[PDB]
Amino acid sequence: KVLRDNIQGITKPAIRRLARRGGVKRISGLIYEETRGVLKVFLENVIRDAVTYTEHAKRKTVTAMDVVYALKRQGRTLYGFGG
Amino acid sequence: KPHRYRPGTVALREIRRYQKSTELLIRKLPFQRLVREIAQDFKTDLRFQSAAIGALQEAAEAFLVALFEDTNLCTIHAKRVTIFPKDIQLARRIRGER
Amino acid sequence: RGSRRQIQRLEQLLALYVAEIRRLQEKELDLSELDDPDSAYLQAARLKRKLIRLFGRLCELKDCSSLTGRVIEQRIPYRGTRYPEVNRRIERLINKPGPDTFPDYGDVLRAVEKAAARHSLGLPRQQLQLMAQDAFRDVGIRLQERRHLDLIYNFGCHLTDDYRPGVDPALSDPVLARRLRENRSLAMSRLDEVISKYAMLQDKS
């Protein structure tokens, strides 16, 4: 009944260590896919804002500055940065 | 009080950021490939400054870790428990955001 | 004391590493480059590692510690219980060095129990549990704060070092602001949706 998911990308040990860094020592099977999914959604959110800025500047390259302005709009993670 | 080394040619604020970069947990090649995977869905002609990929990774790992910190802080049992999706969700409702 | 000449040579190399890192940070990567194991991003990461190793070697050469002034190097005091032995054990627990220091409730409860048993404090089980819960809450807040400050005080690079929120283009372009507001509604729903999706999957098992 138990099954091992295939992937290319973010390994189980990395996700284990990310959870551990937050103090969580034991995670269920669904947490691995969930962590990958949450990571992807967060990145899409940031990149969507970043690209909105890039396009507003009439550029084809997303800059670190675009990413900063985007990150500031995503809540607590980068709250307070820059001033 | 431990003695502190302050290089004459490079500011410690630069050193600290490089050090943090070495502390990241997601392998950098898969991370940059995940960014590629997302960018492909927006626009095939988007380029990214390398530094933008770095900022993304530093922030994304902080975001994930904070999800786990919040779950951790809401989990109070005498015997340790395995964390499930519902625990993440609940903790996010209790002390998380939005 | 270390050789002045060798220190000067190594510091020159350190600065050379910095210049190359900055050059690589400004490289613009297309989609094929984001798929490349030898991209500017990965070259930059390798140089950062080399540089940090060299920094450590210079610390050893000048007989200094390897500290860099990180916020997570700052000690968090704990004096929350009426038992200084317990307080000491908790403070040791939360101040272990490195980026992984963040106990769970079990770790704090174990610290309290061990302190109590070691110093024969005679504290009953439920008193220990309450003491541990109050402690865990208190230190959780401070640990999160220290990490947050460590992040925002040490983020980005030279390209972002002049950022200030008052220069945000959205402040003076309402079409842009409107699109970002739309994006924000979507972003919050998308995050809710993934969290709820995995909760729902748990429900089916």
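Proteins get letters first, then strands, A, B, ... in listed order; numbering begins at 1 in each.
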Going by an N to O cut-off under 4.0 Å, is there a salt bridge joining [X] and [Y]?
{"X": "C/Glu33", "Y": "C/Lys27", "answer": "no"}
{"X": "C/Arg137", "Y": "C/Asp134", "answer": "yes"}
{"X": "A/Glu34", "Y": "C/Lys197", "answer": "no"}
{"X": "C/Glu85", "Y": "C/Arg88", "answer": "no"}
{"X": "A/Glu55", "Y": "A/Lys58", "answer": "no"}
{"X": "B/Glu37", "Y": "A/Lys40", "answer": "yes"}
{"X": "A/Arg73", "Y": "C/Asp168", "answer": "yes"}
{"X": "C/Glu145", "Y": "C/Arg142", "answer": "no"}
{"X": "B/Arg36", "Y": "C/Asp30", "answer": "no"}
{"X": "A/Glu33", "Y": "A/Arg36", "answer": "yes"}
{"X": "A/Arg20", "Y": "C/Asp100", "answer": "no"}
{"X": "B/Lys20", "Y": "C/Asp150", "answer": "yes"}
{"X": "C/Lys48", "Y": "B/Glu14", "answer": "no"}

For atom [atom1] of [X], is the number of surrounding heavy atoms from other residues, nucleotides or ligands below 6.0 Å larger than 12?
{"X": "A/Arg16", "atom1": "CZ", "result": "yes"}
{"X": "C/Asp203", "atom1": "CG", "result": "yes"}
{"X": "B/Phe42", "atom1": "CZ", "result": "yes"}
{"X": "C/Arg46", "atom1": "CZ", "result": "no"}
{"X": "C/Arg118", "atom1": "CZ", "result": "no"}
{"X": "A/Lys25", "atom1": "NZ", "result": "yes"}

Quick one: does any side-chain atom of [X] pair with a main-chain N or O of [Y] as donor and acceptor, under 3.5 Å?
{"X": "B/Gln57", "Y": "B/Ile26", "result": "yes"}
{"X": "C/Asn95", "Y": "C/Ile76", "result": "yes"}
{"X": "A/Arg59", "Y": "A/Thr61", "result": "yes"}
{"X": "C/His148", "Y": "A/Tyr79", "result": "yes"}
{"X": "C/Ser185", "Y": "C/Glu182", "result": "no"}
{"X": "A/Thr52", "Y": "A/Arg48", "result": "yes"}
{"X": "C/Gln43", "Y": "C/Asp38", "result": "yes"}
{"X": "C/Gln6", "Y": "C/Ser3", "result": "no"}
{"X": "B/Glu61", "Y": "B/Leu25", "result": "yes"}

(request) Compute whether any side-chain donor of one residue and acceptor of the other, for B/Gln32 and B/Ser50, lie under 3.5 angstrom apart. (result) no
(message) Which label fits C/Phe155 and A/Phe81: parallel for a plane angle under 30°, tilted from 30 to 60°, or perpendicular past 60°?
(response) perpendicular
(message) By the ring-ring contact (aromatic ring centres under 6.0 Å, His included) test, which pairs, at least two apart or in different chains, include something from residues 55-74 of chain B?
(response) A/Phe42-B/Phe63
(message) Tell me every residue that passes salt bridge (charged side-chain N to carboxylate O under 4.0 Å, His left out) with B/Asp70, counting only those two or more places apart in sequence or in another chain.
(response) A/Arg76, B/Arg95
(message) Distance check, rounded to the nearest 0.5 Å: C/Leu123 atom CG versus C/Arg82 atom CZ?
(response) 11.5 Å
